[PDB]
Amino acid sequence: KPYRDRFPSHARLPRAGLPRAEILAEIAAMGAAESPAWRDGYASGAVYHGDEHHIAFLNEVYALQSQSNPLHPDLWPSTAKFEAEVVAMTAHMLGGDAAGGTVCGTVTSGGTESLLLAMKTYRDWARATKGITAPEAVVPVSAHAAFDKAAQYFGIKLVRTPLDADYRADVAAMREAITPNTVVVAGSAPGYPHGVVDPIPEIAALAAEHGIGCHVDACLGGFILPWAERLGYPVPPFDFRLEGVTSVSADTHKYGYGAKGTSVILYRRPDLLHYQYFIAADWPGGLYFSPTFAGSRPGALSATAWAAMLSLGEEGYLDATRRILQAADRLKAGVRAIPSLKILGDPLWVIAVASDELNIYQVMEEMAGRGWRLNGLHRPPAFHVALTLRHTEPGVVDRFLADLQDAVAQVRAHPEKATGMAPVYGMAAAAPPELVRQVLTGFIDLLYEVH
């Protein structure tokens, strides 16, 4: 709570309105304090483009479309056009033409919503067409936590399967997990924890063989992999080029470089998609429908995804991807050169680093002391760096490597040293889930406290 003292805290509405200019000044002051962390390349993921002129551009797109609410297509035809075209361009980028032009979908609020919508869809589709009333889904253990959300929300039994030695989904184990109640299998392209791409072709073939859905979670890789493959990097087919792939999610607000608050969910055919829609026919409020979870939604954010995609084009994404992968090659080589560290699996740009010899959490803390905001992993203990355009700026990778060497040097000198956040990650990794659940609940409570 860095501002508790510096700025007044508001627990009750002001009696009189506060001047706009004063409110703006406080926000701007917080911005001056918070922006250098991501601007200067210290943050893993978080901000994916980060360029000043790009930001200004999307900020103006927002201003022009700020009142847009796509619940009302009659008032804002502009925003419906934007959403339709974001979906179309994304579908094409992800091999939709290979499906024969049946690929379709919707804009969503984020990767999580895309995943939730897909799971709900397979659930409803299977109930209607396969008579399945006790649905199951099989995904690798590395698959995004959002799958657990969907499981709990929608009453789907989630079966998570082990990884192989390269941290990729074990497809034999996935096959063993399939039952007559399974409605979907999923693979990540790539997964968040370690940035590796699952064996999508085998998973999709498994799905097709069992007559079940196959979802590819490309929320992280959707706007990178198509271009990496074009640049000559080893990426397995992972999209609608594969006959068994029935849906793909992709985050425009990540490497699509749109503003926070948008993603896309694509289905191979309209008859899948149709199970996603919500339609209310007998409501006295009149006919009501929505394609996704929301009713009212910020159409301005859809505008920013559209504007970003158009301002970049193929050349722009190809260029961005090249810069990121080149920075990634550099960083990966530098980590492998540090004696006591290793990279998990064979990632292209989301790099999980671990150590069998040292406390990786203290290494992480030593990096934190130098300004780095990295993600702490467990199972196994590691930290990762999701490289973005911010990390392609001059000197950033060299800074990371120099800092990482010192970090490793300090931990090697004091192997028992465990300071700051390191004991917290260490504890969370050993604690019983129920205990973590309770502690984290308290934590979320603190974030919402006003004094």
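Residues carry their position along the shown sequence, with the first being 1.
Note on 378-386 vs 406-414: mean CA B-factor is higher in 406-414. Looking at 428-436 and 12-20 together, the entry lists the larger mean B-factor for 428-436, computed on C-alpha atoms. Per the deposited record, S290 carries the highest C-alpha B-factor of all listed residues (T246, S290, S142, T108). Note on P135, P236, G191, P270: the highest value goes to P236, judged by CA B factor as recorded. When all modelled residues of the chain are sorted by CA temperature factor, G316 is found within the lowest third. Sorting the modelled residues of the chain by their CA temperature factor places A29 in the highest third.
The deposited CA B-factor of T79 belongs to the highest third of values across its chain. Sort the chain's modelled residues by C-alpha temperature factor and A37 lands in the highest third, per the entry. Residue-level temperature factors show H391 in the middle third of its chain, judged at the C-alpha atom.
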